[PDB]
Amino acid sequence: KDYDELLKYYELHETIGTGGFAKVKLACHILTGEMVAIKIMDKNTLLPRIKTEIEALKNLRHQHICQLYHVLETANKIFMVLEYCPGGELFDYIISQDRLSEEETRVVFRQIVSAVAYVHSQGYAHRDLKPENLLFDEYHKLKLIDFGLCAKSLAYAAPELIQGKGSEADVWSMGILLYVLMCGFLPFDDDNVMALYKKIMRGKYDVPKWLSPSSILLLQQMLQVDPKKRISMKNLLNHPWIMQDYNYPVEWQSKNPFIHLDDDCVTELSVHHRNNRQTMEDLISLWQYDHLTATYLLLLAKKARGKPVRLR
């Protein structure tokens, strides 16, 4: 019924995810054959957390940020078509490994820093950074996924954010996350909501015996309860610990920002549709996030993966 529309462009598969706001299905984009993940929201039962996520993602274009391809609103649904990340949540990857060496943690964490730092460079704060919100793509690289709370879980929430006293609070979070990567459990936890608050406000947590002193100092600079004493985003990029084994700062700028429309891609579409090239060109530049945008973008994903730009 609400599905009549989507079923035009995609073949639906199994639910691969459930959040509090959305059910998320593996689907295949019929025209290009590419796998995608679609986030399905009931407009009735919930709030405009959605308007935020979509406003955000249309403005964030980055190798570590999940790409948005297509929005469709129905009589009752909003459907969001995203880059499919077959790797699984980062949370799930810790669970199986127990915890990560510092070397692997660096590799991973530098990608979180890249994404978050680029997010801040655009004027936003994610505000809900945590492992369940970082997914591994087909290349095993991380993609950040969940932007309902982008601004222009309580265990990850900075003490000043708990207090209502945005960017520093992402550092805090990224600090809770680094802890989780290295030790494989939360720095602060408790069955009781307010007891867990107390813990977060005290900022005192276990320091496991496998952490290198560089690690432990890092944690201590990120996990400063007082925001004003917290490592700023700027020196996180080139901290000694961050640079170990790499010796350059984190590369946070977009390696693939929007410069020109793709030469080759405009062509496969005006060829497939039998449409004047120039009208095809002109209509892509509407950036509507309709099935036209989708097909275009998904054909760039073919290019970035080194696949032929072809339509079946």
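Between two forms, the rigid core is defined as the largest C-alpha subset superposing within 1.5 Å. Heads up: residue numbers just count along the shown sequence, starting at 1.
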Next item on the list: Once the rigid core is lined up, would you tell me whether 278-286 or 247-255 has the higher RMS CA deviation in 6 other deposited structures of this protein?
Entry: 278-286
Margin query: Quick check: by Cα RMS after rigid core superposition, does 61-69 or 29-37 differ more from this form in 6 other deposited structures of this protein?
Written below: 29-37
Checklist line | Unmodelled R99 in at least one third of other entries with both flanks present | finding: no
Check: Does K165 have no coordinates in at least a third of the other PDB entries examined?
Finding: yes
Check: Would you class the number of unmodelled deposited residues between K152 and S153 as none, 1 to 3, 4 to 9, or 10 or more?
Finding: 10 or more
Next item on the list: Using what the record says, work out whether there is a hole in the model between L46 and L47 and how many deposited residues it spans (none, 1 to 3, 4 to 9, 10 or more).
Entry: 1 to 3
Next item on the list: Between 121-129 and 178-186, name whichever shows the higher mean Cα B factor according to the PDB entry.
Entry: 121-129
Check: Taking only the CA atoms, which stretch has the higher mean B-factor in the record, 270-278 or 63-71?
Finding: 270-278
Check: Taking the values straight from the PDB record, which of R110, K165, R230, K143 has the highest C-alpha temperature factor?
Finding: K165
Check: Whose C-alpha has the highest temperature factor in the PDB entry: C28, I284, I54, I38?
Finding: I284
Next item on the list: Tell me, lowest, middle or highest third: where does the Cα B factor of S212 rank within its chain?
Entry: lowest
Next item on the list: Compare the C-alpha B factor of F79 with those of the other modelled residues in its chain, then answer lowest, middle or highest third.
Entry: middle
Checklist line | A304 by Cα B-factor - lowest, middle or highest third of the modelled chain | finding: highest
Margin query: What third of the chain does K204 rank in for C-alpha temperature factor, lowest, middle or highest?
Written below: middle
Next item on the list: Among all modelled residues of this chain, ranked by Cα B factor, put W172 in the bottom, middle or top third, i.e. lowest, middle or highest.
Entry: lowest
